[PDB]
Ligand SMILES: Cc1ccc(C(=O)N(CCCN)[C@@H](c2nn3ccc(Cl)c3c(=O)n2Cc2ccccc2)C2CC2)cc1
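One chain comes next, on its own, written out as structure tokens in the form deposited without this ligand.
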């Protein structure tokens, strides 16, 4: 048992992976919490090497079923007054954005229930207003969205400053192992339905940067921060949508791995300082908290080598052995 959690969410076959008639190699066992892969294709060889994690979500896994298993325990700790972080790992296209951001699916006006395709970000905000309005707590909710492209920090929330100013950041004398992002826009949310309008602003700004600087989302980290003031508790929840797993980006992810590895093994000299991403979330990983990681993979034999790497990263972060009968 640990405060660090590592789960794996496989994705179905997309039409493109179908269009080339690729065939699955990923086996998801949620009960045993295992996920296995093969090696040969038409050879149908005996390829063991099965992995075990804290939880496993198969191809039929639904969005709500991920929020309940992964986010609900963490949100309660945030409302209690702690800082937390949720991560999404994996090859571009596996489903980090579909898991962290969700969709809407053309169906028009939605009442007050969550969209079935919504992600962690839609659900977390709406559950924040519901749970804190129900227990009559006085609260204020403000969110922030920056983007780490090539290790320079960009705000996707500011309406002004249309191009791209690398935000400056320095350790604030106020709390150590903490930092302050000068100039970072902090949009204050009033209604729970406001979160959908904020994902629109940042989307274009992420697109405007993707076209006028080659700041494609696939090659950048996405940090969503929601802070909750309550009465006197302050809670923060960081939802990080990491860049695709596969000279400077491949270092920030390996740094984050070194951290979580160091966080799981109680080891000293965890090098938060080795990257901008780990330095920002330092106040969310050092101070004892609940950290969760979601590694998204593809079931096609097309992406065999990357699906193995991603699972390999997850094993390195929190190593747990496979138990009897693999």
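Residue numbers count along the first chain shown, from 1.
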Unmodelled deposited residues between residue 171 and residue 172: none, 1 to 3, 4 to 9, or 10 or more?
-> none
Deposited residues lacking coordinates between residue 231 and residue 232 (none, 1 to 3, 4 to 9, 10 or more) = 4 to 9
Looking only at C-alpha temperature factors in the entry, 293-301 or 38-46, the higher average sits in 38-46
Residue range whose averaged C-alpha B-factor is higher in the record, 86-94 or 206-214 = 206-214
Among 221, 142, 236, 131 - the residue whose C-alpha B-factor is largest in the record | 131
Relative C-alpha B-factor of residue 33, binned into the chain's lowest, middle or highest third | lowest
What third of the chain, by the recorded C-alpha B-factor, contains residue 9?
-> lowest
Please rank the C-alpha B-factors of the chain's modelled residues and tell me whether residue 60 sits in the lowest, middle or highest third.
-> middle
By the entry's values, the third containing the CA B factor of residue 225 is the lowest
Taking the entry's C-alpha B-factors for this chain, is residue 318 in the lowest, middle or highest third?
-> middle
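The discussion below concerns the form solved in complex with this ligand, not included here.
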Shown-form site status with respect to this ligand as positioned in the entry with it bound after superposition (2.4 Å backbone/C-beta criterion, 3+ atoms) = blocked
Heavy atoms within 4.5 Å of this ligand in the entry with it bound: does residue 169 have any?
-> no
Using a 4.5 Å heavy atom cut-off, state whether residue 103 contacts this ligand in the entry with it bound.
-> yes
Check whether residue 203 has any heavy atom within 4.5 Å of a heavy atom of this ligand in the entry with it bound, and answer yes or no.
-> yes
So in the entry with it bound, does residue 235 come within 4.5 Å of this ligand, heavy atom to heavy atom?
-> no
Of 75-83, 118-126, 175-183, 159-167, the segment with heavy atoms within 4.5 Å of this ligand in the entry with it bound is residues 118-126
Work out which of 195, 240, 71, 153 lies within 4.5 Å of this ligand in the entry with it bound, going by heavy atoms.
-> 195
Tell me, out of 228, 189, 132, 199, which residue has a non-hydrogen atom within 4.5 angstroms of this ligand in the entry with it bound.
-> 199
